[PDB]
2 protein chains.
Amino acid sequence: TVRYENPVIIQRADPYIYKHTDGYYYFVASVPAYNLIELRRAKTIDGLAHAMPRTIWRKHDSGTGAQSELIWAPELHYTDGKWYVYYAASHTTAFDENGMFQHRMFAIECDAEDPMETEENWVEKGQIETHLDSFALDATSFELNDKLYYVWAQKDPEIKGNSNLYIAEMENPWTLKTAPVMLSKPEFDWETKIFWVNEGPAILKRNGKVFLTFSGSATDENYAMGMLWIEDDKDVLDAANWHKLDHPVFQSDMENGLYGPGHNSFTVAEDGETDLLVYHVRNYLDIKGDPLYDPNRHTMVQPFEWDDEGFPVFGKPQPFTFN
Amino acid sequence: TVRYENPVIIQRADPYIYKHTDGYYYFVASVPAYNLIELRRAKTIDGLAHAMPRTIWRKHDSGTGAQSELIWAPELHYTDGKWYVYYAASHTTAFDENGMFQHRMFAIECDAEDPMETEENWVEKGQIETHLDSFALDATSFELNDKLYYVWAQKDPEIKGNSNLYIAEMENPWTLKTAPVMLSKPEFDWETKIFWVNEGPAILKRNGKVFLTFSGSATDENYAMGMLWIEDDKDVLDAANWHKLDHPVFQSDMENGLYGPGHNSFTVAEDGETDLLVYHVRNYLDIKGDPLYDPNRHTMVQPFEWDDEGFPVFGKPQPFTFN
Ligand SMILES: [Ca+2]
Ligand SMILES: [Ca+2]
């Protein structure tokens, strides 16, 4: 039995764990100051809480334009022998005329073997351009049929809400080849609480299927995870092939004080078999000051199972450990 | 043999642990953004790495004056049945004409039993005023012969360096009764590398003596700890009664990559007997960008012993654990 003492990582939001071929787990997440991208590594999940970080990229100076504010949800990918980090950044901390954030998507690249050796090894690839000149963030990527796919969240001015999930095939790891295809938009009760939101896409491949988990509603007690699925022998670029579950697959446990589990990612336990769900959560509701600067979204790690139909079973957020 | 897997806390500088009579260890430190005072609690030292913080006080908005920037080195004290936190804060992030920070010393108070219940229980006591209108920070307090003493670091324009150590008897936990008495000024080789500094005072009482540890030199690999001591039956307000050791009592271990240990505090292990040294350290020297915003000072916790003369023996920084 695999069970970690949670929260594994204190004060880290949008957690992303990547188990590399060198035996290390690489941890990357949004830091509370949103001012840089850092990596930590350990051979165990528990080791991550005592793993000393290295900054791989610092935000540009305030007032200098793009990539100068709110460095959000970085993910570390190892694609065709090279390291890439997908992240969102804004030119400003201010809300626009519609009370929305102004992020665009970016990428950094590292050709060196050790992604933690030095930040001088990391180079900017610039903005990931889409069809729309609008709010975009939480990009991830996945491989299928020797093709590379980019999955992200983006605002459509013509669709109600903050963001919808899109897919596109990639020309290279920082450029789209095909036009964005909308896979999901906020529409059900569970994803439209306070704000209409679809974000934090995470990809999981198993049992001849492709699973796409995401987070819906506002970042408070209402924040929950949803899921889309497709048979892996179908065209992933045809939205009609993807099925959206009309209910959350993971949500708050009010009784156990686990508020708004979300912005999930996946990894595998030290046994190399047990599947792990990685997500952030809050332990209180009484946020004071600007909630953006309340740093207490903590990283949780817990195993998940599979049903007889070959679908993941996430269950409930694991209760916290008090030592 | 008491041993913790180090670093105990990632990205926490100026670490301070207070073991309360309810069994809890309360942890308070400088957060990398220097924007608030938070507390966390656990029944074990290792447990603090997974303890969920609560914010007890937030900095004032930028541009509003005192307490609006760079919230540094908070310490939690339980004095006469009430909670107090000593911290330094500036009206600006800017260096003055002499390239120095512009901090003053402050205090917040909480009369409620639970110091973590709500920030609404915490009240500002304002600036702790001294003789000199100058740079002051790192205040601590201690009790002796039923009197309360304030120990802090402060700049004298007429003495070479950034700060000296001072003592004064307190009228109440946020106001001085006697005039400040300088106990130490930077003068030795080990405390004058790059900058002439005396800061981070910490009090330890044992074997009929009062030990005053402090940190000297610039915050790079030259950062080291020094010690003053007094026979506890002597007047603590008379500088001539204090002995200053001419050498460091704790310093960097370049070979094991433990750079610039300092800004220490003390606690006792879960056995209620073993004395623990608590300090921050760096694991690299190649800091990029502004070093003030490099967040990688990590909290270390390790036991110390005593010699046959009744002096503490701090040894060397404990090598890191990699899991
Ligand atoms: Ca993500
Ligand atoms: Ca202190």
Side-chain angles (χ1 to χ4, degrees), chain A residues 7 9-12 31-33 49-50 52-53 295-296 298, chain B residues 4 6-20 24-42 44-59 69-78 83-89 103 105-108 110 115-116 119 122 137-141 152-153 199-203 213-215 219 223 225 260-267 276-283 291-302 317:
Chain A
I9 321 290
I10 289 296
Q11 289 194 357
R12 288 300 186 269
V31 298
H50 300 278
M52 295 180 288
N296 288 320
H298 306 304
Chain B
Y4 305 108
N6 276 297
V8 176
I9 322 290
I10 288 298
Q11 300 192 347
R12 290 296 185 275
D14 315 310
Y16 192 84
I17 299 168
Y18 165 67
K19 189 181 193 170
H20 195 43
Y24 286 107
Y25 283 100
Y26 284 82
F27 174 83
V28 67
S30 285
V31 298
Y34 313 126
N35 65 336
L36 54 83
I37 302 158
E38 65 189 36
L39 296 182
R40 63 173 101 173
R41 71 169 161 240
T44 71
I45 295 290
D46 296 336
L48 304 164
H50 302 278
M52 303 182 280
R54 293 308 300 261
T55 298
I56 66 173
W57 183 86
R58 294 169 283 113
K59 78 174 197 58
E69 300 300 342
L70 300 173
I71 308 315
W72 287 353
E75 298 195 1
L76 176 77
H77 294 270
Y78 189 75
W83 302 97
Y84 296 91
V85 168
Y86 299 120
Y87 60 104
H103 292 66
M105 300 174 301
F106 297 87
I108 52 170
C110 171
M116 228 166 271
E119 59 159 84
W122 288 89
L137 72 167
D138 299 341
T140 193
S141 76
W152 74 99
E199 69 186 3
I203 301 285
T213 61
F214 62 91
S215 303
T219 53
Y223 209 52
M225 273 164 58
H263 209 298
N264 91 96
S265 63
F266 305 101
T267 194
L276 302 179
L277 174 65
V278 182
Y279 61 98
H280 68 231
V281 79
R282 290 194 163 275
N283 76 316
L292 181 60
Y293 300 107
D294 177 303
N296 289 317
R297 279 169 302 158
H298 311 297
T299 294
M300 305 288 290
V301 183
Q302 69 184 58

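Lettering of chains follows the sequences in order, A, B, ..., and the numbering in each one begins at 1. Excluded from the calculations below are hydrogen atoms, water molecules and symmetry mates; all remaining heavy atoms, backbone and side chain alike, are included.
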- Without hydrogens or angle criteria, can the side chains of B/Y279 and B/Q302 be said to hold a donor-acceptor pair below 3.5 Å? yes

- Query: Quick check, are the ring centers of B/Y78 and B/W83 under 6.0 angstrom apart?
  - Reply: yes

- Start with the C-alpha gap between B/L39 and B/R54, add the side-chain angles, then the distance that decides, and say whether side chain to side chain contact (heavy atoms under 4.5 Å, CB included) holds. CA-CA 6 Å; B/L39 296 182; B/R54 293 308 300 261; 5.8 Å; no

- Query: When you check the gap from the basic side-chain N to the acidic O, do B/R58 and B/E119 get nearer than 4.0 Å?
  - Reply: yes

- Item | Nearest-0.5 Å distance that lies between atom CE in B/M116 and atom CD1 in B/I56 | 8.0 Å

- Note on the structure: Interatomic distance, CE@B/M225 vs CZ@B/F214, rounded to 0.5 Å, equals 9.5 Å

- Between B/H77 and B/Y86, is a ring-ring contact (aromatic ring centres under 6.0 Å, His included) present by the stated rule, with each step listed? CA-CA 8 Å; B/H77 294 270; B/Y86 299 120; 5.2 Å; yes

- Taking all heavy atoms of B/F266 and all of B/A202, pick out the closest pair and write down the distance. CE1-CB, 3.8 Å

- Message: What I want to check is whether the side chains of B/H263 and B/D138 have a donor and an acceptor closer together than 3.5 Å.
- Response: yes

- Item | B/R282 vs B/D294 side-chain heavy atoms within contact, under 4.5 Å | yes

- Item | Side-chain heavy atoms of B/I10 within contact of A/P53, under 4.5 Å | yes

- Do B/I17 and B/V301 have side chains that get closer than 4.5 Å, going by heavy atoms? yes

- Task: Heavy atoms only: give me the nearest B/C110-B/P115 pair and the separation to one decimal.
- Result: SG-CA, 4.3 Å

- Message: Under the ring pair (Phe, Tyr, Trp, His ring centres under 6.0 Å) test against B/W57, which residue among B/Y87, B/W122, B/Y84 passes?
- Response: B/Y87

- Item | Nearest-0.5 Å distance, CD1 of residue B/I203 to OG of residue B/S141 | 9.5 Å

- Item | Side-chain touch B/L137/B/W152, heavy atoms, less than 4.5 angstrom | no

- Can you check side chain to side chain contact (heavy atoms under 4.5 Å, CB included) on B/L292 and B/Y34, steps first, answer last? CA-CA 10 Å; B/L292 181 60; B/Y34 313 126; 3.7 Å; yes

- Do B/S30 side-chain atoms and B/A73 backbone N/O form a donor-acceptor pair below 3.5 Å? yes

- Item | Flag, side chain of B/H280 to backbone of B/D14, donor-acceptor distance under 3.5 Å | yes

- Item | CA sep, side-chain torsions, deciding dist, call: B/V281, B/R297, side chain to side chain contact (heavy atoms under 4.5 Å, CB included) | CA-CA 5 Å; B/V281 79; B/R297 279 169 302 158; over 6 Å; no

- Message: Counting C-beta onward and ignoring hydrogens, is there a side-chain heavy-atom pair between B/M300 and B/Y4 closer than 4.5 Å?
- Response: no

- Query: Quick one: are A/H298 and A/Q11 in side-chain contact, heavy atoms under 4.5 Å?
  - Reply: yes

- Query: For B/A42 and B/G47, which heavy atoms make the closest approach, and how far apart are they?
  - Reply: CB-C, 3.7 Å

- Task: Nearest 0.5 Å please: distance from the CD1 atom of B/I37 over to the CD1 atom of B/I108.
- Result: 4.0 Å

- Task: Grab the two heavy atoms, one from B/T140 and one from B/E75, that are nearest each other, plus how far apart they are.
- Result: OG1-OE1, 2.6 Å

- Is any side-chain heavy atom of B/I45 closer than 4.5 Å to a side-chain heavy atom of B/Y25? yes

- Item | Geometric cation-pi criterion, B/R41 with B/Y24: 6.0 Å, 45° | yes

- In short, B/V85 meets B/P74 closest at the heavy-atom pair CG1-CB, 3.7 Å

- Single hit among B/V28, B/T299, B/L48 for side chain to side chain contact (heavy atoms under 4.5 Å, CB included) with B/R12: B/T299

- Are any of the side-chain heavy atoms of B/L36 and B/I71 separated by less than 4.5 Å? no

- Message: Please tell me whether B/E199 and B/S215 have a donor and an acceptor in their side chains that are separated by less than 3.5 angstrom.
- Response: no

